[PDB]
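Student: first chunk of the complex, coordinates as they sit in the assembly:
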Amino acid sequence: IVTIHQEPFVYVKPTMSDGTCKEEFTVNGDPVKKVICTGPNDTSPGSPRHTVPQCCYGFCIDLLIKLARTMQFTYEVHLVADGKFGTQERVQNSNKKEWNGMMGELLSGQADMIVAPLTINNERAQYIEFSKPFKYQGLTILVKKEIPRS
Amino acid sequence: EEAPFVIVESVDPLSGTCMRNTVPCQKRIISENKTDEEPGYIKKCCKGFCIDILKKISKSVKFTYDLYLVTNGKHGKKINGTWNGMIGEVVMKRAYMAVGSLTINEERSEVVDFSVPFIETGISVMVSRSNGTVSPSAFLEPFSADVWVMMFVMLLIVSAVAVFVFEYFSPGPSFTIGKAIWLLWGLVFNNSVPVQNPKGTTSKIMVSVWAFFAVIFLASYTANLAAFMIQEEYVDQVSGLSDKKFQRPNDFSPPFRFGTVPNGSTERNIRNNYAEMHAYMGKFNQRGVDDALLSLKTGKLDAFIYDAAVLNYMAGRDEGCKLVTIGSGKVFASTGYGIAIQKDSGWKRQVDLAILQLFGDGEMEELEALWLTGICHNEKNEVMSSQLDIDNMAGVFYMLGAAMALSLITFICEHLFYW
C-alpha cells in the first residue's frame, strides 16, 4: 500500500534511536496506534537516494488498521518516491503515454491498494476502480486575515 | 413523486400534451373497481432536476427510456422477505434502471448495484427556531470592569488631591471634599445635578480639563450601545441524537414529542442502533411530510428526523424564515443518492463515466443553483425595528434597587451610630 503525505491525514514523524516510535497518549485517554513507514528521504530522493525508516499514523493509517482487522490480511505501507499524486503524461516527444507518481507506481504492479486522500474523476477512474467515498469535501480559497486595523 | 427533483405534471387543459423540456410520463392506478380490469390508463407529464440528469445521461450514452410509476411502495422495505416498491419492481425483472431520490445503504447495495453518488445526503433533525429573551448587564457591555475601576479611582484621586491642594494654596462656606467629588460627579454624567461652583483660575482650568475628559468619555460610551442592546444569543435546544433527551426520555422532563415516518432507511438505521428510541417514536409516527411539517408548525411536536437535503430545501424555500435545521449544516450517517441498476449489468460503467463527466464539466453546480436555491437559505438579515421592552433594559432597575437598599442600610447605620 502506498500513502501520500497530507497535513491532516497522514503524519510522518522520525523514529527513536531504539528503532520504534515514541509512544504518546492522546487527550481522550486512548493509546495512539501507529505503524512504521519506509518512505524516501526528507528533502528529495534525487541527490540523497536512500530510504530511511519512519513512523506513520493518522486517519488513513487508522482506516487501514480497521480494514486489516476486519478482513484479516497483511500489508506493507510505504510512501511514494515521486511524492506527488500523478497526472496524464501524454507527451508526444517520447511517443508513449503512461501515468506517474502514486498511480504510476500502482499500475506498475508494485502496490495493490492505495489508502490516501485520492479524489474521484473520470480520467483516473477510467483505468482503476474506486469504492464508495468515506468523506465528502470541495474546493475553496484560503486567504490571510488581512489584519483589520483601521 | 417527491420533493422537486422529479415532479409529476398534470395533462394540458386544451393541448393534451406536455410543454417543452418534458417527457411523457405513465402512471398505472389500481385503486378503482377491479370487477373486470383497470390497467391504469392515465398519462401525465414529468420533469425536474432528476429528469434533467436522466436526459444528460441519455444524450451521452445514446439510449431510449420509458417512464413508469410504481404503485406498490414508496422506496421499498424488507417486509417478510419480499421487497415491495421500486426495489421490488427492479428485482422482479419488471424494470432495468431506477432513478430518483433513492438512498444507498448496506442492504440495497448488497441486493442492487448502485452507481456513483451525485448528491450528498444524511440525517438531520429539524426543530423550530428558539429565540432568546435578553442578555443581562447590557449597559456595561461597551467597557471593561477594569476600565470602570480605573476611571473611578482616577476620579476620586483627582477630585480629592486637586481640589484640596488648589483650595488650600489659592486664596459661601469652605469647599469640602464632598462638594469636590460631587462637582466631578455632576460633570461626567451629562449634567444638571445642581452643584456648588468653585473660585480660582487654576481650579476653573482643572474643571474645564475634567469637563473635556467627560465630554470625551460620553462620546466614547454611546458608540455601540444600541448594537449591544439588541443581541439575543440564540441557544439550540439539543445538540443531537446522543444525549439523554433522546436516549432515555423516561426519567426526565415532560414527554418531549419526536418521531419520524415509518418504512424508510432512517427508520431501519434507528431500529438497528437505537431500540428504545425507536420504540418511543413508534407512538409518534407521522403520516406524511407535509402533515408532519404542519404538526411541527402547530406545536404538537418539536423534532423531525428525515433526509438532510429535502429538509434543508424546505427550510430554505419557505414562507420567510420559519424553521431552521439544528447545527447549521449537520449530517448524520452521510450517504448519497444514485441510480439503481440491475444486478450483473454493463451500463454501470457507462453511467459512472457520464456522471463523472457531468461533474467535471461544471453543469452540476448550475443545475443545483437553478433547482436548489431557497428563500431563507441565505444569511439572516439585519435586526431592525426594535422595541426595547421591560425585559430588554431592566438590568438597571436592579442597580436602582441595590442603591436604594444601600441608602437604607447606611441611614440605619447612621441612626444607630448617632445614639
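Tutor: Good, I have the coordinates. Numbers count the residues shown, from 1 in each chain, chains lettered A, B, ... in the order given.

Student: and whichever residue of the stretch 101-250 of chain B sits closest to chain A, what is it in contact with?
Tutor: Closest residue of the stretch 101-250 of chain B to chain A, Cβ to the nearest Cβ: residue B:120 (5.5 Å). No exception for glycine: its C-beta is placed from N, CA and C like everyone else's. Neighbour list for residue B:120: A:136, B:308, B:309, B:331, B:334, B:336 [criterion: Cβ atoms under 8 Å, 6 or more residues apart in numbering or on different chains].

Student: Can you pull the phi/psi pair for the fifth one?
Tutor: Dihedral angles of residue B:334 (phi, psi; degrees, to the nearest 10) stand at phi -60, psi 120.

Student: Could you do the last one as well?
Tutor: Per-residue torsions, residue B:336: phi -150, psi 160 (degrees, to the nearest 10).

Student: Tell me the secondary structure at the closest residue to it other than its chain neighbours.
Tutor: In this structure, residue B:336 finds its nearest non-sequential neighbour in residue B:117, 2.7 Å apart by Cβ to Cβ, 6 or more residues apart in numbering or on different chains. Three-state assignment for residue B:117 (DSSP: H, G, I helix; E, B strand; the rest coil): coil.

Student: can you slot in chain C too:
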Amino acid sequence: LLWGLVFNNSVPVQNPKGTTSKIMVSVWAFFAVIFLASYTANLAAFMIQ
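Tutor: One more piece, chain C, placed on the ones above:
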C-alpha cells in the same frame, strides 16, 4: 432661557418661578431633547457626501 434650552445647554440664565412656568420649561426641555435626538442622527454621513 428657551434659546439656551434648545441649544443643549450652559448659556447661564435665571430660573423662573411658578408651577406653570416650570411645567412649560419641562415641556420645552422635552422638545429640545427630542430635537437633538432627531438632529444628530445622520449628520456625520451627510457632511461628507
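
Student: Would you tell me which residues of chain B are close to chain A?
Tutor: Counting by Cβ under 8 Å from any Cβ of the partner chain, the positions of chain B adjacent to chain A are B:104, B:116, B:117, B:120, B:334, B:352, B:353, B:356, B:357, B:359, B:360.

Student: element containing the last one?
Tutor: Counting by DSSP states H and E, the element that carries residue B:360 is helix B:347-361.

Student: Tell me who's in contact with residue 83.
Tutor: In the absence of a named chain, this looks at chain A. With Cβ under 8 Å, 6+ apart, residue A:83 has these contacts: A:4, A:5, A:40, A:44, A:101.

Student: was after chain B, sorry
Tutor: Listed by Cβ under 8 Å, 6+ apart, the contact set of residue B:83 reads B:76, B:77, B:91, B:111.

Student: Return the distance of it relative to chain A.
Tutor: 21 Å (Cβ to the nearest Cβ, to the nearest Å).

Student: Look up phi and psi at that residue.
Tutor: Here is the backbone geometry of residue B:83 (degrees, to the nearest 10): phi -70, psi 130.

Student: Any idea what it is bridged to?
Tutor: Beta-bridge pairing of residue B:83 under DSSP bridges involves residue B:78.

Student: Kindly incorporate the sequence below as chain D:
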Amino acid sequence: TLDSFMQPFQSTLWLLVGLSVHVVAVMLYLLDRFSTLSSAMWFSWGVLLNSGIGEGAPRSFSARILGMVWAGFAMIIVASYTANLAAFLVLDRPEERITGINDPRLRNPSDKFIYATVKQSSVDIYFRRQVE
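Tutor: So that you can see how it sits with the rest, here is chain D on the chains above:
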C-alpha cells in the same frame, strides 16, 4: 419610519419610568425630612428632563448617594432613548430589487406578482421565442 416620538420605548416602559420618578422623589423627601418636598420633587424632575430647574440639593449622605444614582439612571435612560431613536431613523431600506430578467421570480410566475405587456407587438414575439 413611523410618524411618532414614543416608538423606541413601549407603553409599559413609559409607565414604569413615569412611576419610578415619583417614588424616588418621595423616598428622597422622606429621607431628607426624617434624617423640602417640593424642592426635591422639582430636583428629581429636572435631573430627568435635563431642564435648568432645581433650587438646591439635599444634605443627607444617603440622600446624596441616592440622588447621584438617580441622576446616573436618568442619564442612562436618555442615552438609551436617543440611541434607540437614532437606530431606526437612518439606514433602513431593502437589499435590492429586480435587476435581471433571468431571476427565479419571473421563471416561476405566481399569483401575487402580475406582469404583462401589450398584445400584438414585437415584445410578445420575442418573449414567445424563449423555449425556457
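
Student: Any residue of stretch B:204-223 touching chain C?
Tutor: No. Using Cβ under 8 Å from any Cβ, stretch B:204-223 stays clear of chain C, coming no nearer than 9.7 Å.

Student: Show me the contact partners of that stretch.
Tutor: B:142-143, B:151, B:158, B:162, B:166, B:183-184, B:187-188, B:190, B:198, D:79, D:82-83.

Student: And for the residue of chain A found nearest chain B, the neighbour number?
Tutor: Of all residues in chain A, residue A:122 sits closest to chain B, at 3.8 Å by Cβ to the nearest Cβ. Using other Cβ atoms under 10 Å in any protein chain shown, residue A:122 is surrounded by 16 other residues.

Student: any idea how far residue B:65 is from it?
Tutor: Distance of residue A:122 to residue B:65, given as Cβ to Cβ, to the nearest Å: 22 Å.

Student: ditto for residue B:92
Tutor: Note on residue B:92: its distance to residue B:65, by Cβ to Cβ, is 19 Å.

Student: before we move on, what about residue D:4?
Tutor: For residue D:4, the distance to residue B:65 - Cβ to Cβ - is 65 Å.
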